[PDB]
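Novice: Quick one, target-v8.cif (mmCIF, C-alpha atoms and all ligand atoms):
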data_model
#
loop_
_atom_site.group_PDB
_atom_site.id
_atom_site.type_symbol
_atom_site.label_atom_id
_atom_site.label_comp_id
_atom_site.auth_asym_id
_atom_site.auth_seq_id
_atom_site.Cartn_x
_atom_site.Cartn_y
_atom_site.Cartn_z
ATOM 1 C CA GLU A 1 142.981 131.992 58.097
ATOM 2 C CA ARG A 2 145.242 129.505 56.324
ATOM 3 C CA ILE A 3 145.879 131.797 53.362
ATOM 4 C CA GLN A 4 146.653 134.630 55.784
ATOM 5 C CA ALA A 5 149.101 132.399 57.661
ATOM 6 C CA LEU A 6 150.751 131.301 54.425
ATOM 7 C CA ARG A 7 151.100 134.922 53.311
ATOM 8 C CA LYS A 8 152.995 135.627 56.528
ATOM 9 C CA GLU A 9 155.298 132.698 55.761
ATOM 10 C CA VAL A 10 155.886 134.158 52.290
ATOM 11 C CA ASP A 11 156.760 137.524 53.893
ATOM 12 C CA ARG A 12 159.292 135.775 56.142
ATOM 13 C CA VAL A 13 160.820 133.927 53.208
ATOM 14 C CA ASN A 14 160.903 137.094 51.072
ATOM 15 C CA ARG A 15 162.800 138.896 53.828
ATOM 16 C CA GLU A 16 165.253 136.018 54.160
ATOM 17 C CA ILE A 17 165.852 136.054 50.399
ATOM 18 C CA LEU A 18 166.501 139.810 50.563
ATOM 19 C CA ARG A 19 169.009 139.245 53.366
ATOM 20 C CA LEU A 20 170.751 136.435 51.470
ATOM 21 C CA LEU A 21 170.850 138.372 48.207
ATOM 22 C CA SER A 22 172.374 141.316 50.065
ATOM 23 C CA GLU A 23 174.935 139.059 51.734
ATOM 24 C CA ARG A 24 175.827 137.616 48.325
ATOM 25 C CA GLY A 25 176.151 141.164 47.064
ATOM 26 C CA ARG A 26 178.668 142.100 49.735
ATOM 27 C CA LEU A 27 180.701 138.965 48.996
ATOM 28 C CA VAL A 28 180.883 139.654 45.272
ATOM 29 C CA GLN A 29 181.785 143.272 46.046
ATOM 30 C CA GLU A 30 184.742 141.975 48.040
ATOM 31 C CA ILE A 31 185.749 139.619 45.233
ATOM 32 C CA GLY A 32 185.453 142.474 42.745
ATOM 33 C CA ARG A 33 187.748 144.740 44.753
ATOM 34 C CA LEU A 34 190.377 141.998 44.876
ATOM 35 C CA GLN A 35 190.075 141.329 41.153
ATOM 36 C CA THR A 36 190.512 145.025 40.394
ATOM 37 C CA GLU A 37 193.664 145.304 42.501
ATOM 38 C CA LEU A 38 195.056 142.072 41.045
ATOM 39 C CA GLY A 39 194.276 143.101 37.473
ATOM 40 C CA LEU A 40 191.854 140.219 36.959
ATOM 41 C CA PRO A 41 188.569 140.169 35.007
ATOM 42 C CA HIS A 42 185.198 140.418 36.788
ATOM 43 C CA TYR A 43 183.174 138.428 34.257
ATOM 44 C CA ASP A 44 183.855 134.692 34.535
ATOM 45 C CA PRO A 45 181.478 132.559 32.435
ATOM 46 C CA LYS A 46 183.212 129.337 33.479
ATOM 47 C CA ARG A 47 182.464 130.132 37.125
ATOM 48 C CA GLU A 48 178.897 131.150 36.306
ATOM 49 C CA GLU A 49 178.260 127.890 34.461
ATOM 50 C CA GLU A 50 179.738 125.893 37.338
ATOM 51 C CA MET A 51 177.372 127.564 39.809
ATOM 52 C CA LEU A 52 174.398 126.966 37.511
ATOM 53 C CA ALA A 53 175.459 123.327 37.206
ATOM 54 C CA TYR A 54 175.428 122.462 40.895
ATOM 55 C CA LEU A 55 172.322 124.554 41.577
ATOM 56 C CA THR A 56 170.347 122.739 38.895
ATOM 57 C CA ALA A 57 171.747 119.389 40.052
ATOM 58 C CA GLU A 58 170.690 120.126 43.640
ATOM 59 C CA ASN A 59 167.341 121.703 42.737
ATOM 60 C CA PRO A 60 164.758 120.151 45.103
ATOM 61 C CA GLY A 61 161.797 121.598 43.241
ATOM 62 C CA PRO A 62 159.088 122.730 42.781
ATOM 63 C CA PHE A 63 160.712 125.100 40.276
ATOM 64 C CA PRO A 64 161.889 123.495 37.029
ATOM 65 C CA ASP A 65 165.657 123.420 36.482
ATOM 66 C CA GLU A 66 165.289 125.986 33.683
ATOM 67 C CA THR A 67 163.566 128.390 36.082
ATOM 68 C CA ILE A 68 166.291 127.976 38.701
ATOM 69 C CA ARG A 69 168.852 128.611 35.960
ATOM 70 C CA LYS A 70 166.968 131.721 34.804
ATOM 71 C CA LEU A 71 166.673 133.175 38.297
ATOM 72 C CA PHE A 72 170.319 132.652 39.164
ATOM 73 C CA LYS A 73 171.431 134.117 35.827
ATOM 74 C CA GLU A 74 169.501 137.246 36.841
ATOM 75 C CA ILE A 75 171.197 137.202 40.243
ATOM 76 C CA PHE A 76 174.598 136.835 38.570
ATOM 77 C CA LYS A 77 173.747 139.675 36.181
ATOM 78 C CA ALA A 78 172.900 141.993 39.071
ATOM 79 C CA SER A 79 176.264 141.100 40.612
ATOM 80 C CA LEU A 80 178.343 142.134 37.596
ATOM 81 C CA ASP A 81 176.394 145.377 37.500
ATOM 82 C CA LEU A 82 177.283 145.954 41.151
ATOM 83 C CA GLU A 83 180.966 145.099 40.594
ATOM 84 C CA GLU B 1 193.533 132.084 47.576
ATOM 85 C CA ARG B 2 191.435 134.912 49.008
ATOM 86 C CA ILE B 3 189.149 134.933 45.980
ATOM 87 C CA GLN B 4 188.919 131.140 46.155
ATOM 88 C CA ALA B 5 187.911 131.432 49.815
ATOM 89 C CA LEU B 6 185.267 134.055 49.053
ATOM 90 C CA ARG B 7 183.882 131.905 46.240
ATOM 91 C CA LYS B 8 183.311 129.129 48.785
ATOM 92 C CA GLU B 9 181.236 131.578 50.805
ATOM 93 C CA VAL B 10 179.329 132.524 47.669
ATOM 94 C CA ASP B 11 178.626 128.817 47.055
ATOM 95 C CA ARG B 12 177.198 128.526 50.565
ATOM 96 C CA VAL B 13 174.954 131.549 50.046
ATOM 97 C CA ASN B 14 173.877 130.325 46.583
ATOM 98 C CA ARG B 15 172.709 127.076 48.137
ATOM 99 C CA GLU B 16 170.821 128.896 50.884
ATOM 100 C CA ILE B 17 169.080 131.000 48.236
ATOM 101 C CA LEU B 18 168.139 127.838 46.327
ATOM 102 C CA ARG B 19 166.590 126.410 49.504
ATOM 103 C CA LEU B 20 164.638 129.599 50.232
ATOM 104 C CA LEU B 21 163.415 129.976 46.650
ATOM 105 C CA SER B 22 162.189 126.387 46.763
ATOM 106 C CA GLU B 23 160.460 126.975 50.100
ATOM 107 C CA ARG B 24 158.756 130.034 48.616
ATOM 108 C CA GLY B 25 157.609 127.893 45.700
ATOM 109 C CA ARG B 26 156.033 125.313 47.998
ATOM 110 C CA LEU B 27 154.235 128.053 49.941
ATOM 111 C CA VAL B 28 152.803 129.630 46.789
ATOM 112 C CA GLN B 29 151.561 126.223 45.638
ATOM 113 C CA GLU B 30 149.805 125.681 48.948
ATOM 114 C CA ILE B 31 148.197 129.118 48.771
ATOM 115 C CA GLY B 32 147.065 128.299 45.246
ATOM 116 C CA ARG B 33 145.351 125.073 46.254
ATOM 117 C CA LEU B 34 143.362 126.948 48.885
ATOM 118 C CA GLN B 35 142.511 129.777 46.496
ATOM 119 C CA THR B 36 141.279 127.278 43.905
ATOM 120 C CA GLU B 37 139.052 125.522 46.442
ATOM 121 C CA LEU B 38 137.636 128.848 47.625
ATOM 122 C CA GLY B 39 137.144 130.242 44.117
ATOM 123 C CA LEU B 40 139.693 133.014 44.608
ATOM 124 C CA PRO B 41 142.139 134.386 42.041
ATOM 125 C CA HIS B 42 145.750 133.183 42.084
ATOM 126 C CA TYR B 43 147.334 136.038 40.165
ATOM 127 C CA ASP B 44 147.355 139.054 42.468
ATOM 128 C CA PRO B 45 149.389 141.955 41.036
ATOM 129 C CA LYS B 46 148.431 144.126 44.020
ATOM 130 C CA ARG B 47 149.823 141.580 46.486
ATOM 131 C CA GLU B 48 152.970 141.451 44.368
ATOM 132 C CA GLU B 49 153.309 145.240 44.532
ATOM 133 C CA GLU B 50 152.756 145.038 48.307
ATOM 134 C CA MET B 51 155.643 142.591 48.669
ATOM 135 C CA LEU B 52 157.882 144.681 46.422
ATOM 136 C CA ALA B 53 156.966 147.684 48.562
ATOM 137 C CA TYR B 54 158.333 146.437 51.875
ATOM 138 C CA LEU B 55 161.313 144.772 50.200
ATOM 139 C CA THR B 56 162.143 148.129 48.607
ATOM 140 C CA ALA B 57 161.719 149.999 51.894
ATOM 141 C CA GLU B 58 163.784 147.428 53.782
ATOM 142 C CA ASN B 59 166.532 147.084 51.142
ATOM 143 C CA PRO B 60 169.819 147.362 53.083
ATOM 144 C CA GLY B 61 172.017 147.412 50.001
ATOM 145 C CA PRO B 62 174.426 146.977 48.353
ATOM 146 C CA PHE B 63 172.014 146.379 45.475
ATOM 147 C CA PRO B 64 170.018 149.430 44.328
ATOM 148 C CA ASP B 65 166.255 149.392 44.958
ATOM 149 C CA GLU B 66 165.629 148.992 41.230
ATOM 150 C CA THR B 67 167.733 145.828 41.176
ATOM 151 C CA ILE B 68 165.984 144.359 44.208
ATOM 152 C CA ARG B 69 162.617 145.065 42.582
ATOM 153 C CA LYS B 70 163.713 143.479 39.307
ATOM 154 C CA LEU B 71 165.022 140.329 40.988
ATOM 155 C CA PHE B 72 161.871 139.851 43.025
ATOM 156 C CA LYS B 73 159.660 140.555 40.006
ATOM 157 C CA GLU B 74 161.454 137.652 38.318
ATOM 158 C CA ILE B 75 160.972 135.456 41.387
ATOM 159 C CA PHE B 76 157.267 136.339 41.462
ATOM 160 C CA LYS B 77 156.773 135.765 37.726
ATOM 161 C CA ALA B 78 158.475 132.376 37.981
ATOM 162 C CA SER B 79 155.959 131.506 40.692
ATOM 163 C CA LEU B 80 152.959 131.996 38.396
HETATM 164 CL CL CL A 101 151.777 135.559 48.989
#
Re-express the file's structure as structure tokens.
Ligand SMILES: [Cl-]

Specialist:
Amino acid sequence: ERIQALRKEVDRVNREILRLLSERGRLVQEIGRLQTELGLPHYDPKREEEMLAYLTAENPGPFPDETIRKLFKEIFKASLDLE
Amino acid sequence: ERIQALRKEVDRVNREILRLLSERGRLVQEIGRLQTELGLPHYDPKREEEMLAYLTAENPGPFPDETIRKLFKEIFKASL
């Protein structure tokens, strides 16, 4: 039915998010390797705040800005862990 | 530099993730309106575990399965 169809759309979106998160992970891994060789820090709160700023500014909804901020902070946290 | 270039790619991916998260939000809202009309529950922990299950199985890395599960649990909780 309609709920069944919507669930399939959610599966598609979930898989796309997994792919994008993984792509982001590989990018940050690359950045981390460069920072290590250049003797630079991995944690950059200025950069994190800048990303949170444009993401909240561009938030199209329905999630509240605070939720978008929360989710991306978690994504950024997972990245440092990986680096 | 090289890091600056990679950060631009990260920006692009961040924005794609924002779009997909928002799309997921709209879908969940639509499902909810139908569930309400039909007298069905919205909160479905089993369905959430089902989604975590294939995402865990399909995880291509580099994030560990535990991290993928934690991130999606946050996405699901934010959708409640
Ligand atoms: Cl669903």

Novice: Would you mind listing the residues within 12 Å of ligand CL 101 (chain A), counting all atoms listed in the file, as a ChimeraX atom specification?

Specialist: /A:2-14 /B:24-32,35,41-52,75-76,79-80

Novice: Name every residue that the PyMOL selection byres ((chain B) within 10 of (chain A and not hetatm)) selects in this structure, writing the answer as a PyMOL selection string with chains first and numbers rising.

Specialist: chain B and resi 2-7+9-35+47+51-52+54-56+58-64+67-68+70-72+74-75+78-79

Novice: Report, in Å to a single decimal, how far apart CA of residue 44 in chain A and CA of residue 73 in chain A are.

Specialist: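 Those two atoms sit 12.5 Å apart.
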
Novice: How big is the axis-aligned box around the listed atoms of range 53-69 of chain B once 8 Å is added on each side, and where is its centre? Give both in Å to one decimal, as AutoDock Vina command-line options.

Specialist:
--center_x 165.7 --center_y 147.2 --center_z 47.5 --size_x 33.5 --size_y 21.6 --size_z 28.6

Novice: So how many Å separate CA of residue 36 in chain B and CA of residue 73 in chain B, to one decimal?

Specialist: 23.0 Å

Novice: Can you measure CA of residue 42 in chain A to CA of residue 1 in chain B for me? One decimal in Å is fine.

Specialist: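 Distance reported for this atom pair: 16.0 Å.
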
Novice: In terms of the shortest atom-to-atom distance over all atoms listed in the file, which of A:65, A:37, A:1, A:48 is closest to residue 80 in chain A?

Specialist: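 Smallest distance to residue 80 in chain A is found for A:48.
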
Novice: Could you complete range 19-38 of chain B so that it carries N, CA and C atoms, and give it back as a tab-separated table (two decimals), in the frame of the given file?

Specialist:
chain	number	residue	atom	x	y	z
B	19	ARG	N	167.50	126.99	48.52
B	19	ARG	CA	166.59	126.41	49.50
B	19	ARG	C	165.41	127.34	49.78
B	20	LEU	N	165.69	128.63	49.96
B	20	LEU	CA	164.64	129.60	50.23
B	20	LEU	C	163.71	129.81	49.04
B	21	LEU	N	164.25	129.82	47.83
B	21	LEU	CA	163.42	129.98	46.65
B	21	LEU	C	162.47	128.78	46.56
B	22	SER	N	163.00	127.60	46.83
B	22	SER	CA	162.19	126.39	46.76
B	22	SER	C	161.10	126.41	47.83
B	23	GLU	N	161.44	126.88	49.03
B	23	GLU	CA	160.46	126.98	50.10
B	23	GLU	C	159.35	127.94	49.68
B	24	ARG	N	159.74	129.06	49.06
B	24	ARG	CA	158.76	130.03	48.62
B	24	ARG	C	157.83	129.39	47.59
B	25	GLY	N	158.40	128.57	46.71
B	25	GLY	CA	157.61	127.89	45.70
B	25	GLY	C	156.56	126.98	46.32
B	26	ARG	N	156.96	126.22	47.33
B	26	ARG	CA	156.03	125.31	48.00
B	26	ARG	C	154.90	126.10	48.66
B	27	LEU	N	155.24	127.23	49.28
B	27	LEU	CA	154.24	128.05	49.94
B	27	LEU	C	153.22	128.59	48.95
B	28	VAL	N	153.69	129.09	47.81
B	28	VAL	CA	152.80	129.63	46.79
B	28	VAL	C	151.88	128.54	46.27
B	29	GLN	N	152.39	127.33	46.11
B	29	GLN	CA	151.56	126.22	45.64
B	29	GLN	C	150.45	125.93	46.63
B	30	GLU	N	150.79	125.95	47.92
B	30	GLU	CA	149.80	125.68	48.95
B	30	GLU	C	148.73	126.76	48.95
B	31	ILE	N	149.15	128.02	48.81
B	31	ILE	CA	148.20	129.12	48.77
B	31	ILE	C	147.27	128.90	47.58
B	32	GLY	N	147.85	128.53	46.44
B	32	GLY	CA	147.06	128.30	45.25
B	32	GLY	C	146.01	127.22	45.39
B	33	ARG	N	146.33	126.13	46.08
B	33	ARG	CA	145.35	125.07	46.25
B	33	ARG	C	144.17	125.56	47.08
B	34	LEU	N	144.43	126.41	48.06
B	34	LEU	CA	143.36	126.95	48.88
B	34	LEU	C	142.54	127.95	48.08
B	35	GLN	N	143.21	128.80	47.31
B	35	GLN	CA	142.51	129.78	46.50
B	35	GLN	C	141.60	129.08	45.49
B	36	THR	N	142.09	128.01	44.87
B	36	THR	CA	141.28	127.28	43.90
B	36	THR	C	140.01	126.74	44.57
B	37	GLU	N	140.18	126.09	45.72
B	37	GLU	CA	139.05	125.52	46.44
B	37	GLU	C	138.02	126.58	46.80
B	38	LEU	N	138.50	127.75	47.21
B	38	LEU	CA	137.64	128.85	47.62
B	38	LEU	C	137.16	129.76	46.50
